[PDB]
Each structure stands twice: as C-alpha cells, then as structure tokens.
Amino acid sequence: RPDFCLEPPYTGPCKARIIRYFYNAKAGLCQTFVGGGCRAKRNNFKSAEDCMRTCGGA
Amino acid sequence: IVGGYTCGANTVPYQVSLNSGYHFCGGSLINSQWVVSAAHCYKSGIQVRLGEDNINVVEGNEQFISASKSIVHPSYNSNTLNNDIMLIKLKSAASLXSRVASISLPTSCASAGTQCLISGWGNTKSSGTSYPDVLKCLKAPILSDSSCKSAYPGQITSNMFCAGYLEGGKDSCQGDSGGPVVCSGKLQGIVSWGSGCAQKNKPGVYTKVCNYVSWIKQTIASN
Ligand SMILES: [Ca+2]
Ligand SMILES: [Ca+2]
Ligand code: NA
C-alpha cells in the first residue's frame, strides 16, 4: 500500500500558520512545515518525536 | 495578507495574535474578556497578545494574557469547515483605553459589495512564503453567495461568505485565520479558508459572524 510517510506535506485550505512536522524521505528526516489547521493528511505531526516514531526509516 | 498595506501601529485595536510559542492565528476582541477566532485555531496553551504591531519585538503597548477558556462551536465540522468559530475567554480582563479596543458584533448581515477591512500577520505572498513583522491590512468587498458557490462548488454553506477580488492578487493567507473582516465598524467575518491565497477565481472564504450573534452573546454570558 502507498506509504503516507512518502506523501508531500499538505498545508491545506485553512489559513492558520501552525508549525507541524512531516517526514521528508529525500532528506531522511522529519522537517517542519506550515499546517493550515484543517484537512490534515497523515504525514503531519505535532512533534519531531511523533514523526520519527511513525515515519522514521521510511 | 497578500496585496495589502501596512496598517500602522495599533490602527486596528481589536486585532489580537494567538500565540502558542509563536504566532499561529489571529482573533478579534469583542469585550475586555472575550476574543472571537476560528474553530480550526483551537490549540493548546493559547496566549492572547493584544496591542501588537511588530509581532517580533516588544514595543511597549502589549498585553499578553493567557486563554482561560477556548470554546469551539459545538457544531464545528472539521471536514466541511461549517461553523468555523471559536470564543476565547481571557484569564484576566484586558486593559482597554485607543490601542486596545473591542469591535462590535453585527446587528444584521452585510450585503454583497460591502467594503470591509481584513487584517493579520499572515503570509504576504501568493506564491512562496514571507511573514511580516507589522500588522497588514486589506480593503476587500463581500462577494455574492452565487459567485462564492461558483468558485467553490459544493463547499459553501449558509455560514460562509466569500470576499476579495476575482482577478487575484489580494487575499488573506496562512497566519491570518481567526482574524477580522470588519465592515462599517461591525465584525462580519472570521478568516477561515480558501484555495491557496490570492489566486484568480479563488476568493477567500470567511465565517459568517452575523449568523452567530445570539450564540456568541449567550455563550460568553454563560462562561
Ligand atoms: Ca525542517
Ligand atoms: Ca510587539
Ligand atoms: Na511598529
């Protein structure tokens, strides 16, 4: 099945500027990005720890 | 705010910044103890920053007050984005004067074509990213429900309205959510969502505050 950890970060339509984490397979690490506040996909974490636990090594 | 202008220090006294270790949303002060924002702006440990201009520097007119209550509309739908409104109670009453003041709630809904003032510390670029230090402002008209639905088929509810310019270039953007859309001295909207920012044929969508006046008043009074 498609690995959600490999999907590009999705800010979404909402206009908040919340700092979230996504797994960047190209860099091999969890990076920060702007979450709009709604319609979040799964490669969107509240912390680096959550991101690494879920997507580390993808 | 994309395609706007520098408001000027404290020229929008009801505009507040929601902070969770950094600025993430805006809000509108409706009285000394209450702020109106968007439901999707619900976050943990919110600190309301009033009297702000330069969001990155302490200028001397700021009032940092923690949220004691953050009440999301009981009918907020995180999928459709319907009922995107939240009321925040300040742990201590804010000191009101010229620099920190409340904005009146509407007595009636606004009509298409009505010019309004939209403000915030959100992204100033339609393509790319650039966040301002000082508060940005934008004059934009409320658009018809018909045009709004045409722009966003099957997505506009009775509690949303579009505002902006169809040609693109002027709009609210990430970081502006929860902020004000004031028309004739009344808070008619809350920055909510849109397809990107300042894109042609894609005006910003806002929570229709006039539909929640009774709920706002009763909720504030019961908390
Ligand atoms: Ca990063
Ligand atoms: Ca400041
Ligand atoms: Na200033």
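Taken together, the residues in the stretch A:12-37 that are touching a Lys or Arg at 6+ places or on another chain (Cβ under 9 Å) and within 13 Å of chain B (Cβ to nearest Cβ) amount to 12. The single residue among B:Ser195, B:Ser214, B:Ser177 that is closer than 18 Å to B:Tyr76 by Cβ and assigned to a loop (DSSP other than H, G, I, E, B) turns out to be B:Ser177.
Going residue by residue through the stretch B:119-134, is there one that turns out to be part of a helix (DSSP H, G or I) and within 14 Å of chain A (Cβ to nearest Cβ)? So far as the stretch B:119-134 goes, no, none of its residues is part of a helix (DSSP H, G or I) and within 14 Å of chain A (Cβ to nearest Cβ). Return the residue satisfying two criteria in turn: it lies in the stretch A:43-58 and is surrounded by 14 or more Cβ atoms within 10 Å (Cβ to Cβ) and either polar (S, T, N, Q) or closer than 27 Å to B:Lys202 by Cα (or both), and of such residues it is nearest to the other protein chains (Cβ to nearest Cβ). The selected residue is A:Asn44. Filter the stretch B:31-69 for residues that are away from ligand 2 (no atom under 16 Å from the Cβ) and away from every other protein chain (no Cβ under 14 Å) and give the result. Residues satisfying the conditions are B:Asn31, B:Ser32, B:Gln33, B:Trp34, B:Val35, B:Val36, B:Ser66, B:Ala67, B:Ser68, B:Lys69.
Note that we place each Cβ from the backbone using ideal geometry, even for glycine, and neighbour counts take in every protein chain shown. Readers should treat all values here as calculations from the given coordinates under stated rules, not as data from a laboratory.
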